[PDB]
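Letters A, B, ... mirror the listed sequences (proteins, then strands); counts begin at 1.
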Amino acid sequence: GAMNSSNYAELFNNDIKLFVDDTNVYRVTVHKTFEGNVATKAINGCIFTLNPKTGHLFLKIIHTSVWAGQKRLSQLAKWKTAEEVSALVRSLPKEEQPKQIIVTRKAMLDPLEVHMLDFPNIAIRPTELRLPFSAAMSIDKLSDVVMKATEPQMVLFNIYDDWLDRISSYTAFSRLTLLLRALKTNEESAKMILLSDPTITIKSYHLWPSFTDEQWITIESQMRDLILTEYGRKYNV
Amino acid sequence: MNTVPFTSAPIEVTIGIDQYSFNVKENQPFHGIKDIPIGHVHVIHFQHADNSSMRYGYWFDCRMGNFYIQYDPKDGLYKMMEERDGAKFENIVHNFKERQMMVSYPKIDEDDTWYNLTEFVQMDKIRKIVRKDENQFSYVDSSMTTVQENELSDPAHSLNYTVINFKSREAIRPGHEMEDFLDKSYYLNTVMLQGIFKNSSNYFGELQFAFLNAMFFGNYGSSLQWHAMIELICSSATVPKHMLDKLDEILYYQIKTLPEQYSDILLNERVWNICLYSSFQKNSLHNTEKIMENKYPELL
Ligand SMILES: O=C1NCCN1C1CC1
């Protein structure tokens, strides 16, 4: 059934599973027209498809040309997401195909179920977790890969860098969701935390900085403070 | 005008004949139902006084044979049987009529209700949904499950309605996922009407039979089938104009005949609100929308 705090360790067992987040697929800027009406302009988007055990992130970039001449784009966006996830699964060797796909928004359930009818043994699940994957476009290198695209494209990234050499996939996921939650609540401060110290760099083949174990504990603490800080600034506490 | 005699009435029972019903007391001198209109299927149904559990009954067409009812004290129910000896049967009926031991099918001359509820229902199609080929009549009761219910357990006692499933490869053309899921016209017109039912009359017949089993027996799987067949039409953008107009008439008479006190269990809020207010056909069911809004405005 639905994925929640009670069955949270299931994410890190040995059954292949993917999270699918569609919140960055259809992105627009809203603006005024010369006549003073309002119009939207689409910008490039992306499907965020993540194996939480391995960190492998199948980022399917959605180029604005896919919307051309189409109506009801927010509805289309869900079906386009389901089409691309289904195509991804079909492209994988059988032993790499997931046994479950967890969608972060319940509105993806029917589009994905219909696109995956050919795969009756792959469970399509919702989740009660409020996961911060919309903030994926606050990861500089990821945002850059999406905005520069001139055509559809999907790139395989590892969202954990080399962390699994030193920590478990439970801890890596926890660190990821904390970083993304922070970037979602206050992107400027979060990014200030992550880069403030010019001696810690991001490798050319890495997304996040090369923190020692001790520095990650400092960083992680500073993100919790930020999230708590903002929760106060927000609610006045 | 045809007759279904009863050997006797040894247990107290409420007897239904189509949309009519009457109470018979234990060992009361009741010997059947006369003046049954020829030209329609009919259903004769039963609810025992001591155990309202299991409504049960028999679909039949008096043009297909001479049928009577006889209580079986071993299986504990009123059973329909065919009498092959035509002269024995005529003589039984004439005797019971002379002794005035029969109730008269109580049809008001003005009243087209039963026709309107069974317009497309044929006995031959009933017998394919309810498989028991040695009898000309068909038994249905409250508990019988449908083929589709059994997929999700005794196959010989099942209602073999046409399986409809909106999230199924049958309903969804590869590469037309979104189109076919949001507009079911392909599934209605190509898969179901052209492919399986052959014409809209057979589709309506199954829809009407499904409603009548839901109403008369409280058969839950029949109610599921009735609503699915409605939803498939309402969720299609492209439906022949004559089908929509006929559907509006069919549903009107069904909603009109429904017991007011059973509306809570016989009508699916989601399907009806979707069909009348959100679907492609939200503006095509004028008679049905008007009676629903005046009779069951709570559901909506
Ligand atoms: O890990 C990173 N950072 C962004 C580029 N690179 C992947 C594409 C090879």
Side-chain angles (χ1 to χ4, degrees), chain B residues 41 43 45 55-57 59 117-132 138-151 154-168 170-171 184 187-189 191-193 195-236 239 243 246-255 257-259 262-276 279 281 285 288 299:
Chain B
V41 307
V43 59
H45 44 111
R55 280 181 261 167
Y56 61 96
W59 291 94
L117 289 167
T118 63
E119 175 171 5
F120 302 96
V121 182
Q122 320 174 269
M123 201 62 224
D124 67 86
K125 294 313 199 310
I126 287 177
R127 297 184 68 234
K128 299 173 187 310
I129 298 167
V130 189
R131 314 192 156 286
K132 192 169 202 277
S138 299
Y139 170 93
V140 182
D141 71 29
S142 298
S143 73
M144 283 169 50
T145 55
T146 70
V147 161
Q148 173 172 67
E149 281 179 306
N150 296 328
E151 298 168 0
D154 184 23
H157 209 50
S158 285
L159 293 164
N160 297 273
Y161 295 118
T162 295
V163 175
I164 300 173
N165 175 1
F166 296 139
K167 297 195 277 185
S168 71
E170 295 67 38
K184 318 212 177 270
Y187 190 31
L188 172 67
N189 294 308
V191 177
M192 288 279 166
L193 284 175
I196 298 187
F197 287 96
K198 307 307 184 177
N199 53 60
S200 57
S201 295
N202 291 332
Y203 186 97
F204 288 146
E206 186 168 327
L207 185 157
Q208 290 181 313
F209 182 58
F211 171 79
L212 291 164
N213 288 325
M215 185 172 59
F216 287 129
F217 306 111
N219 185 271
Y220 179 82
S222 298
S223 181
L224 290 180
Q225 184 69 14
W226 178 51
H227 284 92
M229 295 188 77
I230 295 168
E231 191 172 351
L232 176 57
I233 291 173
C234 292
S235 297
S236 290
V239 183
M243 262 193 90
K246 186 63 67 163
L247 180 64
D248 191 31
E249 293 303 312
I250 284 165
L251 298 179
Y252 174 81
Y253 283 105
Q254 287 170 342
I255 299 305
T257 303
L258 272 184
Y262 292 20
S263 52
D264 49 325
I265 55 189
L266 284 170
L267 298 173
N268 187 275
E269 178 181 72
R270 177 190 70 84
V271 167
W272 283 100
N273 268 279
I274 275 57
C275 289
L276 296 179
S279 75
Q281 307 303 339
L285 302 177
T288 289
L299 201 80

Quiz prompt | Set of side-chain hydrogen bond (donor to acceptor under 3.5 Å, both in side chains) partners for B/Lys246, sequence neighbours left out | solution = B/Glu119
Quiz item: Does the B/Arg127 side chain pair with the main chain of B/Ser138, one donor and one acceptor, at a distance under 3.5 Å?
Solution: no
Quiz item: Under 3.5 Å, is there a donor-acceptor pair between the side chain of B/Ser236 and the main chain of B/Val239?
Solution: no
Practice problem: List in chain and number order the residues that pass side-chain hydrogen bond (donor to acceptor under 3.5 Å, both in side chains) with B/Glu269, two or more places apart in sequence or in another chain; answer none if no residue qualifies. | Solution: none
Quiz item: Got a donor-acceptor contact below 3.5 angstrom from the B/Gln281 side chain to the B/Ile233 backbone?
Solution: no
Self-check item: N/O donor-acceptor pair under 3.5 Å between B/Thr257 side chain and B/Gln254 backbone
Solution: no
Quiz item: When you look at B/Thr118 and B/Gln208, which way does the side-chain hydrogen bond (donor to acceptor under 3.5 Å, both in side chains) test go after all the steps?
Solution: CA-CA 6 Å; B/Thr118 63; B/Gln208 290 181 313; over 6 Å; no
Practice problem: Run the ring-centre check on B/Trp59 versus B/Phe209 and record whether the distance is less than 6.0 Å. | Solution: yes
Quiz item: Does a sphere of radius 6.0 Å around CZ in B/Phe166 hold more than 12 heavy atoms from other residues, nucleotides or ligands, not counting ones at 6.0 Å or beyond?
Solution: yes
Quiz item: What do the steps show when you test B/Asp141 against B/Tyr139 for side-chain hydrogen bond (donor to acceptor under 3.5 Å, both in side chains), and what is the final call?
Solution: CA-CA 7 Å; B/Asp141 71 29; B/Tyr139 170 93; 2.6 Å; yes
Practice problem: Enter the distance from B/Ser222:OG to B/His227:NE2 here, rounded to the nearest 0.5 Å. | Solution: 12.0 Å
Quiz item: Considering residues at least two apart in sequence or located in another chain, which fulfil the side-chain contact (heavy atoms from CB on, under 4.5 Å) criterion with B/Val191?
Solution: B/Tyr186, B/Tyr187
Exercise. Would you list the pairs meeting salt bridge (charged side-chain N to carboxylate O under 4.0 Å, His left out) in which at least one residue belongs to residues 155-167 of chain B, sequence neighbours left out?
Key: A/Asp110-B/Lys167, A/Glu113-B/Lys167
Self-check item: Any B/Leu193 side-chain heavy atom under 4.5 Å of B/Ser200 side chain
Solution: yes
Exercise. Taking the side chain as every heavy atom from C-beta outward, state whether B/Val140 and B/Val130 have any pair of such atoms under 4.5 Å apart.
Key: yes
Practice problem: Starting at OG1 of B/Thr288, measure out to CG of B/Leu247 and round the result to the nearest 0.5 Å. | Solution: 6.5 Å
Quiz item: Would you say B/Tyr203 and B/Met229 make side-chain contact, with heavy atoms under 4.5 Å?
Solution: yes
Quiz item: Shortest non-hydrogen contact from B/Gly205 to B/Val121?
Solution: O-CG2, 3.6 Å
Exercise. Hey, could you give me each pair passing salt bridge (charged side-chain N to carboxylate O under 4.0 Å, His left out) that has a residue in residues 212-234 of chain B? Not counting sequence neighbours.
Key: B/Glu231-B/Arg270
Self-check item: Side chains of B/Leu159 and B/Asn219 in contact at under 4.5 Å (non-hydrogen atoms)
Solution: yes
Quiz item: Distance from B/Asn150 atom CG to B/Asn160 atom CG, nearest 0.5 Å?
Solution: 9.0 Å
Quiz item: Is B/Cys275 close to B/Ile230 at the side-chain level, that is, under 4.5 Å between some pair of heavy atoms?
Solution: yes
Quiz item: Should the pair B/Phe204 and B/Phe120 be assigned to parallel (<30°), tilted (30 to 60°) or perpendicular (>60°) ring geometry?
Solution: tilted
Self-check item: pair B/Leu207-B/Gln225: side-chain heavy atoms closer than 4.5 Å
Solution: no
Exercise. Starting at NE2 of B/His45, measure out to OG of B/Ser142 and round the result to the nearest 0.5 Å.
Key: 11.5 Å
Quiz prompt | pair B/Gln122-B/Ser201: side-chain heavy atoms closer than 4.5 Å | solution = no
Quiz prompt | Spacing of CE belonging to B/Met192 relative to NZ belonging to B/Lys184, to within rounding of 0.5 Å | solution = 11.5 Å
Exercise. Output all residues satisfying salt bridge (charged side-chain N to carboxylate O under 4.0 Å, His left out) with B/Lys132, sequence neighbours left out; order by chain, then residue number.
Key: B/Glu134
Practice problem: Provide the closest heavy-atom pair for B/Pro259 versus B/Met215 in the form atom of the first, atom of the second, distance. | Solution: CD-SD, 3.9 Å
Quiz item: Passes side-chain contact (heavy atoms from CB on, under 4.5 Å), B/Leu267 versus B/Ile255? Steps please.
Solution: CA-CA 9 Å; B/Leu267 298 173; B/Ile255 299 305; 3.8 Å; yes
Practice problem: Determine the sole option in B/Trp226, B/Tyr253, B/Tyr161 for which the ring pair (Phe, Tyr, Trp, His ring centres under 6.0 Å) test with B/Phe211 is passed. | Solution: B/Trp226
Practice problem: Please tell me if the side chains of B/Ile129 and B/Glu206 come closer than 4.5 Å, counting only heavy atoms from C-beta onward. | Solution: yes
Quiz item: From B/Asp124 CG over to B/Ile126 CD1, what is the distance, rounded to the nearest 0.5 angstrom?
Solution: 9.0 Å
Exercise. Carefully, step by step, assess B/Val163 and B/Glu151 under the rule side-chain contact (heavy atoms from CB on, under 4.5 Å).
Key: CA-CA 10 Å; B/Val163 175; B/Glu151 298 168 0; 4.2 Å; yes
Quiz item: Any idea which heavy atoms bring B/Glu149 and B/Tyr220 closest together, and the distance?
Solution: OE2-CD2, 3.7 Å
